[PDB]
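First come two forms of one protein chain, each written alone as C-alpha cells, so that there is a structure 1 and a structure 2.
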Structure 1
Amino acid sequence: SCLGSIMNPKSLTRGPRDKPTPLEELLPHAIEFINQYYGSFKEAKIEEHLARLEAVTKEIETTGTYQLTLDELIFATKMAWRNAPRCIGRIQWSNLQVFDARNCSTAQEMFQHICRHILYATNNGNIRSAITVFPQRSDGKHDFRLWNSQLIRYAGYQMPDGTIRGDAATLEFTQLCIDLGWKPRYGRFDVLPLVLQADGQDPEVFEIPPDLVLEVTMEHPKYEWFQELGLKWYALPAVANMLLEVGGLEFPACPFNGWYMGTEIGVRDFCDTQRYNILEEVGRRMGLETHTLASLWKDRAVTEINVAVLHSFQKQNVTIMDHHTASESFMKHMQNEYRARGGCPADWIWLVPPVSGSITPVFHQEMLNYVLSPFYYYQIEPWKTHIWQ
C-alpha cells in the first residue's frame, strides 16, 4: 500500500549511530559527492577533481572519515535544499547563507552561533535564508543536537482549570523544558528556550534574547475587532531538528530558515484544532452561521484570518509570501529544474497549500517524490534515545 500520506516515514528519517559509519559504505558515497561537486562547476577542473578524489580517499582510510571544504559544504546545504521534496520555496535554493560552526565544542558556543543566526536572518524584518552547520556526527556518541523542533516557537501549558493555554503542539517539549529548569511564564505566546546538546553531553537550556525574536501583531484591515483577539506570531520560520546528509557524512545539527508563507500561520498555526484553534471565535465575530457547516462559514473565516496575517506582515515590513505567489513560483522552479537536470523531487501532499487547493497550479501538476543526496532527513526525538549523564 502506497504510504504517501504518512508524516514521518522511516524512509525520510536518519536515526542514531553507535559507531562510525562503515568505510565500505562511506567511501563510495564520498566519491559520489565529490563527483557531483566538481561536476557542478561550469568549466571543469579535472586536476583538482582528481586530486580531491584522492585526498578524500586517503583521509577516509587514514581516519575512517573526512572533512568537507567550506566550499563543498556551501554546495551541500543548497543541493540538500534543492532536493527537499516538501519545500515550495526551492526556487530560492541557490540563495542561502551558510554559517560554518563545525569547530564549535560547547553548548554556550552553540547558543552564540544560533543567536548570530537568528539575528542575521531576521534582519529587522527583511528576512534572509540561512543555515548553521555544527560538528558532523563522528562516533555517534558525540552528536550535536538541538532539542527544539524550531528555533523560535511558543510554549504550550496545561492550565490548572483543565484548559490548555499557548500552543498545544508543544505541550510535551514544554514540560521537558520545565523539567530542565525553565521558568514557565504561563502566557499564550511565550517564546520557548533553546535546549542545546553539544558533543554528546546532556542538554542545556538557554532563553533566547528577547531583542532577537521579531514578532508580528495580528490585525485585519477592515475588522477592528481583529486586534482585540490579541494575536501575534514570530517572523522567523527556522527548522531546528533536521539532519543534513552529504557524501556519507551526517550533520545532526544544522538549523536553517526561510521566510513565511502566509497559510502556515494563517491556516495551520491559528486554525488547526490541535494548535491555536481560533476558527470559531473568528466565525462568531463575523456574524456567520457558525452552527451550520453547509453555510461555508469556515471557508469564509479562514480567508479573513489569512488576509489579516498577510496584511499585518506587510504593514510591519516583515517578509511574507501568499500561497498563490508561492505556487506560481514553485511551478517556474520545477520547469527550470526539469530543463536544468531533468527532474525535481516533489511531494504533492506537501507542496499543495492547505487552503485554495485546486485554485493553485501545483494541484494540477503530477509529481515524482524521491530521496536524493545531499538531503535533509528527520531524526528520532533526542529525549527518546539520549543516554543521560
Structure 2
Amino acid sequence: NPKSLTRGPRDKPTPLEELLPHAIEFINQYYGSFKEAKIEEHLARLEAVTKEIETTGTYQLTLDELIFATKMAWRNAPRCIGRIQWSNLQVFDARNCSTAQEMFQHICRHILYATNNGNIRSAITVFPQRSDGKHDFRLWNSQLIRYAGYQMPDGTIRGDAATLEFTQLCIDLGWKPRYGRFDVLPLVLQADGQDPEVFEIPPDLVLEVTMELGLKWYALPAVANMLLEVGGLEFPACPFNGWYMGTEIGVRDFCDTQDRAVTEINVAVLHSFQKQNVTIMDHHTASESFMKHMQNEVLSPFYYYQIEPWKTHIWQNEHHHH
C-alpha cells in the first residue's frame, strides 16, 4: 500500500470522471473545517465546481480554498518538522502568471518577503495549475537559492555537490560559471511549458550567514521543485520556504575533517545564525512559532516530488547544448 511520493507529467487534461471525485472530496474537506456551518454554501460550491468541470474541463480554486490547501498539504508533509505550525504560512497567488519574466518578479517578491532581513517568514508562491500538461510552469532549480556545484580534475567538489547536474545544465543554457565555492545559481524558469529562461538572482536579495575557516551559507531554505496536489488539481510550480534547522546546512563542500569518530557537530552554525539575527529552528523559535500557530486557532492536499524537468522537457529551439 505505500504510495508514490512522485507526481509525473501529463500530455492531456485530467479526465472529468477522475477530476470530479477529487474536487468533491476537497470541497468536503474544505467545508468540513466548518462542521455544521455553511451547509448551503457547501452545496452551492459543489454545484458551481461541477458545472465548471463539465463546461471547461477543469475548475479554479478560490483564494481561500488555495490558502487552505497549501496549509493542509504542509500539514500532510510526513518529514516536515515545521508542519507543527502549519498555520504560519503566507500565500502568494501567482495563478495568473504568464511569462518567465513574471515568474521572476514573483520569486523576487517571495525571496524579499520570506527573508525579511533575517526574520524569516514562511511563504509559498503558487503559479498556474497544470492544464493539459504541455503548458506547465516549473522552476528547474531544487531550491530558489542554492550554490553551484563544480566538477574537478581529480573527481572532487567545488561548491554544492548536490547541484552538479543542475549547475552543468545552467552552463549549457548560457550561464557564465564563476568557479567559486559559494556561487548562487541562477533561476531556471519555465513558463507556459516553454523552454526555460535563465535569470540571475539580484545579489541584494540573497541573505548570507558568515560561518580563514572559510564558510558562508544562505539564510533562506526554499524548496522550488515540488508539485501541490489539491482536489485533482496540480500545481507543478509552487516554491515554498521555511527556515533552517541548523542540523543540516549542507556544507558538503568538503574535506572538512579539519569520543567515538563520527563527531562532526553543527555548533558554529547555530551560533553564527543567531548572532547575525537570522531565524533558525532553535528552542526559542520552535516555542515561539508554535505559540503563534496556537493563537491563530491517499493524502490530499499534498506536496509531491517531480521528475527533474531537464529529463522530460521537449525542447523548442532556444538555448543550445541544452
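Rigid core here is just the name for the largest C-alpha set that superposes within 1.5 Å across the two forms. FYI, numbering is relative to structure 1, first residue = 1. Only residues modelled in both forms are compared.
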Candidates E204, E250, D190, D269 - which moves between structures 1 and 2, C-alpha at least 2 Å, core fixed: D269
Is_shifted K332 between structures 1 and 2 (CA, 2 Å cut-off, rigid core): yes
Shift of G181 between structures 1 and 2 at or above 2 Å (CA, core fit): no
Displaced residue check between structures 1 and 2: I164, CA, 2 Å or over, core reference: yes
Rigid-core-fitted C-alpha displacement of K42 between structures 1 and 2 (angstrom): 5.6
Distance moved by the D322 C-alpha between structures 1 and 2 (core-aligned, Å): 3.9
Large-shift segments between structures 1 and 2, meaning 3+ residue runs whose Cα move 2 Å or more when the rigid core is superposed: 8-10, 41-43, 159-164, 266-274, 299-305, 322-337
